[PDB]
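Read-outs throughout are calculated quantities, based only on the coordinates presented, and are distinct from any laboratory measurement. For neighbour counting, all protein chains shown are included, and Cβ atoms are generated from backbone atoms with ideal geometry for every residue, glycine included.
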Ligand SMILES: [Zn+2]
Ligand SMILES: [Zn+2]
Ligand SMILES: [Zn+2]
Ligand SMILES: [Zn+2]
């Protein structure tokens, strides 16, 4: 609602567990090369 | 879009974020995106008000 | 100043430092 | 003679925004001007926010911000 | 007499430098960020005391 | 020394005890840029200061004493400084040693560091003019200060003589009953600047009086800069002192040409 | 990799449960320091910002002395603390240098922030400041720096 202010990040958002993001279930035999890193924030970022 | 190409200029060396970074009045950190969105809504509400 | 002196003068501070106050 | 930018704590930003909720004091007279002069740059700030939006496969995204 | 060729160049380069210093004053004073694209200390005072 | 340099300055007001930064409501909506109230009819908007300076009590050493601060704490004069001994500015009545430090600086700005202006404010309030070295205060608004006590015509002058004597050396004190106002002239401009912000919006109640619980309901007394004194009994004294100032300067000035030659 | 315990976040290594009650005490002080305590003074408002830079320093000294000084935690724990932002990667990296042992924060050595090309004055040794004020015949005028309230970071004192 427009009357209520935007609730602060830290009193409300930061403490709660986030949720389950959208992910395909995957096949461990078909998708084994990508299944570890496909849903990273930046995939393969640390892999030299 | 393909018919009328607008080519960028090469002398555009001053970007906005980079020139603001050189100033002592801007500091840098990493926060969550949803925090950065709510900060911008509170900042933008103050700017108009 | 000597190292034994500076070791002694840094114990004058009320806190441990860097926020320990000479005052 | 260039060292890079110093990477402040996240709480240092956080208190400042909490502090400027009610600028009733006389001390905020320059900082009110800084709100008002920042309005022309706000449009750029909306772009950098929306282009960095978390995609549906991400719970939370930690972005690197530059603040006044 | 017409002005000599060495005389017009002494007056052109004095005037051209004065004009270009004025234009660079106008572009730098404008609040457009896209105007630095198109562009004194240790003074003595008190009889250099 | 014994009253001032002996102790350290004390915290006058706790920081929670400070007043709210928003003013008392005289309007419908509060304006955020200009920290005032907008859709309102009018208001007297002047109120009695809840705080006051006890000079022999609150004075003491501060941080600016060790730092060599030239300027006095404006809130110390209002009785409102919450920093106490941690404050950057001075916390004592100005002395001849202090004003001698301010001698190069007093010409353009007051003892509190605030810059003076070209001409006076219209009502003769505010900071002051650098064109005139005014050392005389106009003590006005005494009726609301006393909370409408009659008292005497001249017991009013006793309270004015009592309070302003704590704030520095006095040239003279004149009270005018028909105009219901006082004229206090100080030895130094710096004391007059200090006593002006010290005594703005104050009360003269003296606790023993019966209205001391209702010192807050009243108006408060205006301390404003004073105009020139219109009687020729005083006018001739001005050109006499201006003569004597000129003779003391020429002796100082021919010594400059002596060193110049 | 974030601060928030996400599902992409990696579970903690072995030695973390021993140091977790110490780290929570820094964490609850940072929640109370950001509490928006409305203070109308400029001298008090930044003074509360000085508490935050102190607690971020003191949490990072703690993890610094666990790993480099006393060797009390493993490297697999210590890298997990940096990726989960419990410690400052770049501030600890200055404490390993010789002149920067007791560094105040990263901001007080940035040469571009200042009007001169200088560090903050809290980098200057106290005995040097006492010597320069002695020649002037005054006490030293510096008490607390404007960036984070330091009182001297110099490794000699
Ligand atoms: Zn004070
Ligand atoms: Zn420091
Ligand atoms: Zn620092
Ligand atoms: Zn500093």
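For A:39-48, what's the mean count of beta carbons from other chains sitting within 10 Å of each residue's beta carbon?
The shielding value for this peptide is 3.
Using the alpha-carbon atoms, what tilt in degrees (0 to 90, nearest 10) does helix F:189-199 show relative to the longest principal axis of chain F?
For F:189-199 against chain F, the angle is about 10 degrees.
Any idea what the relative contact order of chain G is, in percent, if you count C-alpha pairs under 8 Å spaced at least 6 apart?
It rounds to 22 percent for chain G.
In Å and from the alpha-carbon atoms only, list the Rg and Dmax of the protein assembly as shown.
32.6, 112
For peptide G:34-47, how many partner chain Cβ atoms fall within 10 Å of a residue's Cβ, on average?
Per residue, the average neighbour count from other chains is 6.
Measure nothing fancy, just the Cα-based angle from helix F:232-260's long axis to the longest principal axis of chain F, in degrees from 0 to 90, nearest 10.
Value to nearest ten degrees: 50.
So what's the angle, to the nearest 10 degrees on a 0 to 90 scale, between helix G:42-64 and the longest Cα principal axis of chain G?
Taking the Cα atoms of chain G, the angle to G:42-64 is about 50 degrees.
So, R0 is 41 Å and r is the distance between the beta-carbons of residue F:122 and residue D:39; what FRET efficiency does that work out to, to 0.05?
Approximately 0.70, to the nearest 0.05.
Just to be sure I understand: of the beta bridges DSSP finds with both ends in the protein assembly as shown, what percent are antiparallel, rounded to 5?
90 percent
Ranked highest first by average number of other Cβ atoms within 10 Å, how do F:44-54, G:17-27 line up?
Top to bottom by mean Cβ count within 10 Å: F:44-54, G:17-27.
Evaluate peptide G:78-90: per residue, the Cβ atoms of other protein chains within 10 Å of its Cβ; return the mean as an integer.
Per residue, the average neighbour count from other chains is 1.
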